[PDB]
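Notes follow once the structure below has been shown.
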Ligand SMILES: *[C@@H]1O[C@H](CO)[C@@H](O)[C@H](O)[C@H]1NC(C)=O
Ligand SMILES: *[C@@H]1O[C@H](CO)[C@@H](O)[C@H](O)[C@H]1NC(C)=O
Ligand SMILES: *[C@@H]1O[C@H](CO)[C@@H](O)[C@H](O)[C@H]1NC(C)=O
Ligand SMILES: *[C@@H]1O[C@H](CO)[C@@H](O)[C@H](O)[C@H]1NC(C)=O
Ligand SMILES: *[C@@H]1O[C@H](CO)[C@@H](O)[C@H](O)[C@H]1NC(C)=O
Ligand SMILES: *[C@@H]1O[C@H](CO)[C@@H](O)[C@H](O)[C@H]1NC(C)=O
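Chains as they are written, first to last, in UniProt numbering: chain A, 31 to 539, 548 to 642; chain B, 31 to 539, 548 to 642; chain C, 31 to 539, 548 to 642; chain D, 311 to 369.
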């Protein structure tokens with residue numbers, strides 16, 4: 031786009047709608063649109079140039095909120111940088127933006143201080159920039175798309191999902207279509223809930239005081255002299271906690287910039303104020319990719335959909351988030367009435383595993399372990415076996431076969447042959463529940479849980495407590511269970527249930551959703567081939583504390599190539615008489631009846 | 031248009047009438063007009079150039095409303111950015127602009143604070159820019175039009191509607207014809223209804239105080255000194271809540287800009303102040319598209335009409351919106367006298383489903399489920415079966431058939447054939463109503479509802495309450511029904527009725551409109567192939583709370599190609615002796631008698 | 031990139047996401063991306079140019095935190111220079127940044143003064159710069175990658191791990207993908223915990239005082255006059271310890287720079303504010319390196335993974351870090367409930383070694399030593415032998431063989447032949463534990479430990495205490511054990527247990551994790567061929583004191599070439615029919631069936 | 311001594327470079343031990359050695 035800047039001496043449009051966007055991480059991950067500047071299309075005013083596949087409608091509407099916008103609960107989270115994306119009725123609208131760099135701070139300021147958040151935003155959005163419907167894709171994005179297509183062609187349903195998760199990590203969860211270019215001047219003013227409970231009838235005065243304080247802090251730079259200083263403003267400042275005036279656009283903010291010099295500061299600076307986009311799985315349509323065939327593009331879109339879904343469900347964590355309730359879970363984003371649900375107590379029953387291995391019995395015996403009570407895969411008397419996960423495990427083993435041909439024993443040289451013998455071993459995890467009123471003595475007491483990735487919240491380290499035996503559940507899931515009841519009673523915590531991605535725990539009252555009852559705090563334990571297993575515990579002190587970080591894709595190490603690579607040179611549909619033949623090129627699909635019939639007669 | 035800027039050193043007209051416009055989202059979605067600058071046609075003053083297919087009549091009328099414009103109820107919603115579009119007698123004039131970024135804030139400020147909105151607008155509209163009647167269409171818009179035409183040609187009545195909904199998402203619901211270029215300076219000053227009830231005879235003084243406060247806040251930048259400061263102004267500021275001075279045009283606003291420097295700021299900035307346009311389905315006329323045939327263009331216009339209708343009815347939600355009434359529904363946009371209607375109570379009867387599948391019985395048994403009371407598709411004694419939806423469901427299944435030809439067992443290679451076996455399974459949902467005075471013990475109690483898309487407002491999460499069995503209605507509609515009466519009485523809520531897009535519930539008193555009686559709050563449940571099904575519940579606390587977000591098109595995942603693609607090379611009319619023959623090109627329709635008769639003799 | 035600076039007179043983007051990043055050392059080690067400037071791609075504003083394989087999304091969001099951010103405990107460590115990397119759920123998220131130049135100072139200020147840290151940060155991040163997914167690698171990084179590949183090809187599994195550790199030392203542990211270019215103005219204000227315990231209800235005032243003090247120190251440069259000076263500010267300054275206003279970006283900070291001149295100072299200066307990247311072992315994918323084969327790249331990635339793991343576990347040290355507890359370990363980064371664990375006391379049992387040498391018995395007898403009590407490899411009565419390490423040791427011996435051919439005894443000249451006879455000697459270390467209640471008289475008392483690398487914390491020098499015999503454990507591990515009980519009782523310290531990388535000590539209660555019980559402080563002793571052995575001691579005064587420095591890779595001297603170099607010209611997979619043939623070039627892998635079958639028939 | 315690796319010097323052979331690195335290592339060691347002097351460095355103790363750098367509990 032440098033040729034257009036040379037021909038037209040004016041800065042390029044700063045924020046562009048072309049490119050992927052992540053709802054959780056709250057950042058634009060990658061570029062999904064090519065956005066060529068072959069023709070120097072500019073904004074209707076001589077200020078910014080725009081790519082050819084993007085049109086802009088200049089709104090240039092500047093608002094001056096004289097009073098603050100109060101957010102009582104943080105479940106809504108009317109976000110600043112993206113209000114039209116964190117609000118859509120997506121797969122999960124509640125956790126649409128609950129992992130942002132802004133919402134994390136807002137949450138740690140709202141629950142740890144019992145203080146609602148009030149913002150005084152001055153958003154002078156300049157351009158509502160939008161993508162042209164007939165826009166192409168960027169070379170990197172379409173290259174990753176074609177790579178996922180070729181990997182779905184080679185019957186690698188695990189490697190294709192892994193590459194889709196990598197694409198989401200590199201291109202977000204939503205393709206931005208609309209974006210409100212402009213600037214913002216927000217003061218995320220958190221104020222105690224008791225200040226609103228004492229001024230519920232005078233909330234208008236609270237909002238007015240917040241707004242005038244924002245205004246006089248922006249312009250004056252002097253804290254001893256402000257405008258409209260009253261007693262209620264002093265009480266507001268006294269009940270005020272963690273004030274921060276954040277200018278999302280324009281020249282970087284300081285308490286000295288008069289709002290005239292701030293609004294005039296928007297001449298080159300134009301940041302996304304209200305970006306709105308559709309999910310990327312919906313963006314990849316059969317007409318969007320001309321060379322790639324229709325049904326294959328639809329299968330790839332379904333793969334991207336299920337990968338975005340695995341991203342969402344693994345990222346979000348269900349649990350009550352009511353500040354006053356005792357079973358309040360701080361880490362949870364999406365809240366159900368678990369804290370309000372009747373509290374109970376369950377006795378854990380133990381876990382065992384089965385080995386079904388090809389060869390080399392040393393590797394599956396590591397993941398295989400028996401019960402603590404009985405010592406065998408049989409369920410303890412009085413409990414019911416519940417299935418958790420039925421998938422295969424494999425790790426690569428590098429073997430090199432060397433045969434040396436040595437003449438006169440001085441020309442001796444070693445030449446080898448690298449062989450990678452990936453061994454697959456089926457593994458299944460089972461855990462039982464007290465379906466009957468069995469004695470609590472037999473009831474194993476859950477003491478904690480840890481693997482090499484997460485940290486045991488009870489011990490604050492990747493370690494097994496004293497007196498407990500580590501039980502390897504799948505590969506590295508080390509559950510710590512008490513060999514006896516009393517000596518491990520003070521340290522341990524009542525169990526909540528083990529539920530996985532395919533099958534849930536029966537503890538919720548015969549339908550049983552993938553959740554733990556009795557107001558127990560749920561946490562993730564292990565991810566395995568795009569499937570999660572979760573542990574739930576009593577809502578104690580260790581359930582809260584720190585905020586859970588954002589889990590990022592991919593959710594598995596690169597799956598090894600167990601299946602052989604396939605070349606689906608011919609693609610067919612049973613519904614319609616539509617086919618697609620692969621040319622000698624890598625990705626060049628063309629319609630032809632003779633070639634199709636010939637290659638079909640050859641393959642079958 | 032850069033050649034005209036080089037030849038004539040002056041900025042281009044900022045806002046243009048060419049382009050689509052969405053009534054609900056309140057933004058210009060896409061460009062429907064080409065707007066070529068082949069001839070450098072300018073405004074009659076040397077300030078802005080205009081496209082060749084657009085003429086402008088300069089009004090340059092500047093108004094200074096010294097007093098505010100009060101809006102008692104928000105049902106009218108005289109919008110700021112578009113007053114001539116949100117007022118037309120369209121398909122739904124009440125919800126014409128009820129999903130705007132402005133109206134949402136106005137509503138949350140009007141009902142949550144019981145405060146009417148008053149605006150002091152200074153709209154100096156400069157140019158009443160209008161489109162030439164003999165104007166062509168943009169390449170992207172006409173390309174999407176031709177795509178919808180070709181898809182209606184291939185007998186894909188579902189994919190064509192999906193592409194029409196996508197076009198509406200990309201080109202809005204109204205093609206703008208007139209637009210009032212200019213700037214605005216509005217103060218959306220919300221003031222309590224009690225302040226107007228106490229000053230009903232002195233509303234003129236309230237409006238004067240609002241206007242003078244707007245004026246002295248715009249110019250002075252000093253809050254301690256204003257002009258015409260009286261006691262009534264102080265009472266107005268005391269009863270004032272969420273003031274915001276929003277300048278829709280010109281240089282971005284700040285409390286320091288004297289209105290002289292604001293009005294002089296309009297030299298390059300020209301935003302749409304009063305945009306007026308006709309719906310896009312009416313814009314696509316037989317004479318608008320020369321190559322595309324007449325009756326096919328009319329069928330495409332009817333498709334766009336029904337798609338805009340599906341957009342509207344799915345977006346809008348009917349329910350009483352009277353602040354004082356107990357059955358007030360906050361989310362509802364269009365209001366009938368439901369809250370004033372006589373309150374009742376109905377006992378829910380249960381839902382069952384039928385499977386009619388081609389092959390592979392595993393997929394339809396997921397959507398098929400029996401009654402909770404009886405356990406069979408038979409209606410419970412004393413109830414009447416009511417039909418909800420009769421449409422087919424299908425999901426794609428990717429199957430690849432591989433036959434390997436391996437010589438010496440070392441040249442072994444796998445070559446497959448991608449086959450997509452879309453399986454269609456007819457599904458029908460039925461729910462019964464207590465036509466007679468049946469016991470309430472048998473009457474199933476509605477506990478809530480959720481799918482993978484929406485969120486259960488009772489549980490605030492996508493989850494089934496404890497003690498309830500999830501009932502899959504169509505694909506993912508998981509209704510939670512109580513197995514017993516008492517234990518689930520405190521959590522559940524009296525039912526309101528299930529009504530779908532094709533058939534409504536008989537609960538409204548034998549004609550039965552698609553609505554729920556007794557002042558019950560209505561909400562959307564599932565969209566399926568452009569058809570909506572709705573659930574209605576007692577107007578409790580959970581019905582209000584947050585405002586319902588804007589539902590966006592398309593209202594279904596891309597429908598799979600079940601029907602075979604067709605090439606209607608010949609098009610005929612039974613009324614008139616008019617035909618249209620397809621040339622070897624993609625879209626090139628030409629009149630010819632010999633070609634028509636020959637190809638007709640060949641096809642039939 | 032100088033051609034783009036000549037064509038476009040503007041500074042290059044200062045911080046770039048391309049390049050490796052070390053989590054522990056908290057610095058960008060090396061460059062992992064080539065970042066060519068073949069096309070002069072610039073930022074969307076005329077301020078900075080960017081490499082072709084890097085795109086930037088300008089956020090330009092400037093925040094002004096009016097109140098401080100309090101960190102009660104230093105276990106979370108929300109870092110300033112990298113908040114999105116020290117938070118990810120990596121192999122070890124607790125020690126993700128516990129070896130930074132910032133965290134070391136924060137720790138020595140937090141525990142030695144019992145003072146929590148509060149920061150008032152002004153981070154005006156300008157560009158969220160990100161790497162293109164289809165980006166190549168830098169010549170040096172890909173050269174080191176190819177070197178590790180060739181060394182894994184030559185069956186040097188130790189030299190390959192050594193080169194991987196060297197690469198991590200030269201390219202960090204994480205490949206940066208996202209980076210928030212900008213500036214920061216942070217005041218790491220440490221304040222006593224008693225000041226927060228006395229103002230727990232008034233923590234908002236403490237944060238406000240910290241923020242206003244930051245603001246008035248930044249701008250005024252005069253310490254006698256500040257704004258908003260109250261009594262609580264004076265109490266804050268009285269309880270204040272080690273204040274430091276650190277500007278991470280922009281023009282270097284001084285108390286005179288008004289924040290206007292600081293924010294305006296960001297025109298060329300752009301430092302990483304929030305850098306986010308994935309681990310480098312995950313960055314090296316089969317598609318990232320085209321020439322290098324797939325399974326070999328996967329094996330190299332596993333080698334880099336295990337080398338990063340050895341870096342992490344050797345760097346981190348587990349031990350309780352609770353300030354109030356008596357068993358507080360200052361050096362420990364990751365904390366378990368060891369201090370809270372029941373305190374015990376164990377009697378050390380002694381160490382012996384075995385020699386299994388090829389030839390030249392002088393070298394293994396140095397590492398071999400018998401027990402002090404018994405004087406033989408037999409375990410003392412009442413103890414249980416525990417294995418520590420089973421690996422081979424070797425050191426190079428240079429021998430030159432000279433035979434002189436001298437004519438007339440005056441032409442006499444010496445010509446030799448350098449021969450390097452690396453001698454490998456197997457060595458095993460065993461140490462016993464009092465499995466039974468043996469007398470304490472026989473129980474050897476652990477007096478200390480030292481080698482040539484670390485320093486004995488009891489003697490503060492590499493020396494053996496008087497009256498103790500040095501016991502060489504592996505090569506240089508000189509454990510000092512008491513020959514008697516009483517005379518060495520005052521100097522010595524109760525033992526905690528010897529646990530190594532492969533096998534742990536059985537002192538933790548038959549599973550025994552690699553840890554020491556009873557709240558004993560753990561320290562590293564010796565690293566040997568990528569394996570660590572650790573000694574644990576009673577949590578006394580000498581366990582704290584100074585902070586442990588950062589252990590840096592490689593964790594072994596260059597392993598001698600014991601195994602012969604191999605040329606795996608052919609690489610094969612047993613799962614898929616995929617192979618890779620080496621061309622006469624160094625690293626040029628190409629697919630061919632005839633060449634593969636021929637060379638396979640030749641090698642086997 | 312660690313910087314001089316077999317790959318750092320291409321012309322010079324591997325084992326000879328390793329022997330030279332061991333020579334540089336032992337020379338740096340002779341530099342260190344000859345430079346440093348062990349002795350107690352506690353100001354209050356009577357046997358305080360001022361010249362000593364590294365301190366053991368000799369005093
Ligand atoms: C394709 O992958 C699936 C899933 O692992 C497997 O069941 C099937 O046998 C594979 N087919 C071929 C031809 O590799
Ligand atoms: C909040 O304001 C009330 C009003 O007087 C005051 O009594 C109270 O002390 C304030 N709280 C704080 C924490 O300053
Ligand atoms: C066209 O579509 C309709 C609606 O699905 C269907 O009834 C009809 O059989 C189809 N005709 C052809 C020729 O595909
Ligand atoms: C509104 O104005 C009346 C007039 O005196 C006053 O009594 C009342 O307190 C005001 N309400 C608020 C909320 O300030
Ligand atoms: C390769 O190295 C391994 C590990 O030291 C050794 O066991 C094996 O014998 C070596 N093979 C060759 C051919 O050098
Ligand atoms: C901390 O502040 C309190 C409040 O008066 C004061 O009593 C105390 O002396 C202060 N501590 C220090 C170390 O200045």
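The beta carbon of each residue, even a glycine, is placed where N, CA and C say it ideally should be.
Mind reading off the beta-carbon distance from residue 143 (chain A) to residue 271 (chain A)? Whole number of angstroms is fine, and I expect it under 8 Å. In the first chain, residue 143 (chain A) corresponds to position 113, counting from 1. In the first chain, residue 271 (chain A) corresponds to position 241, counting from 1. In this structure residue 143 (chain A) is in contact with residue 271 (chain A), their Cβ atoms being roughly 5 Å apart against a cut-off of 8 Å.
Below 8 Å between beta carbons: does that hold for residue 302 (chain A) and residue 42 (chain A)? Residue 302 (chain A) sits at position 272 when you count from the first residue of the first chain. Residue 42 (chain A) sits at position 12 when you count from the first residue of the first chain. With respect to residue 42 (chain A), residue 302 (chain A) sits apart: the two C-beta atoms are not nearer than 8 Å.
Using a beta-carbon distance cut-off of less than 8 Å, what residues from the stretch 395-414 of chain C approach chain B? Only those residues of the stretch 395-414 of chain C whose C-beta falls short of 8 Å from the nearest C-beta of chain B would be listed, and there are none.
Contact with chain C by residue 350 (chain B), beta-carbon distance below 8 Å: Start at 1 with the first residue of the second chain, and residue 350 (chain B) comes out as number 320. At a cut-off of 8 Å, the C-beta of residue 350 (chain B) has no neighbouring C-beta in chain C.
Confirm the yes/no value for this check: CB of residue 208 (chain A), any heavy atom of ligand 6, distance under 7 Å. Mapped onto the first chain, residue 208 (chain A) falls at position 178. Residue 208 (chain A) Cβ: outside cutoff for every heavy atom of ligand 6.
Would the beta-carbon of residue 185 (chain A) be found less than 7 Å away from any heavy atom of ligand 1? Here residue 185 (chain A) corresponds to residue number 155 of the first chain, with the count starting at 1. Checking the Cβ of residue 185 (chain A) against ligand 1 gives yes.
Residue range of the alpha helix (DSSP H) that residue 218 (chain A) falls in? Counted from its first residue, the first chain places residue 218 (chain A) at position 188. Bounds of any alpha helix (DSSP H) do not take in residue 218 (chain A); it lies within the beta strand (DSSP E) bounded by 215-222.
Under 8 Å by Cβ, that's how I've got residue 545 (chain B) and residue 457 (chain B) pegged, so tell me the actual separation to the nearest angstrom. Residue 545 (chain B) falls within a stretch that is absent from the model, since chain B runs 539 to 548 with no residues between.
Sequence-distant residues of the same chain with beta carbon closer than 6 Å to residue 52 (chain A), five excluded per side: In the first chain, the residue the question calls residue 52 (chain A) occupies position 22. Result list for residue 52 (chain A): 59, 202 and 203, in chain order.
Closer than 9 Å by beta-carbon distance: list the chain C residues that pair up with residue 443 (chain B), in chain order. As a position in the second chain, residue 443 (chain B) is number 413, starting the count at 1. By Cβ distance, chain C contributes 615.
Give the straight-line distance between the Cα atoms of residue 133 (chain A) and residue 304 (chain A), rounded to the nearest whole angstrom. Looking up residue 133 (chain A) in the first chain gives position 103. Looking up residue 304 (chain A) in the first chain gives position 274. Using only the alpha carbons, I get a separation of about 16 Å.
Just the residues with CB closer than 5 Å to a heavy atom of ligand 4, in chain order, which are they? Those residues, listed in chain order, are B:265, B:268 and B:269.
Kindly indicate if chain C contains any beta-carbon less than 8 Å away from that of residue 96 (chain A). The sequence position of residue 96 (chain A) within the first chain is 66, counting from 1. For residue 96 (chain A), the answer is no, since every Cβ of chain C falls outside 8 Å of its Cβ.
Could you tell me how far apart the beta carbons of residue 283 (chain A) and residue 215 (chain C) are, in whole angstroms, since I believe they sit closer than 8 Å? As a position in the first chain, residue 283 (chain A) is number 253, starting the count at 1. As a position in the third chain, residue 215 (chain C) is number 185, starting the count at 1. About 12 Å separates the two Cβ atoms, so there is no contact after all.
Is there a C-beta anywhere in chain A that falls below 8 Å from the one on residue 208 (chain C)? One-based indexing of the third chain puts residue 208 (chain C) at position 178. Answer yes: the Cβ-Cβ gap between residue 208 (chain C) and chain A drops below 8 Å somewhere.
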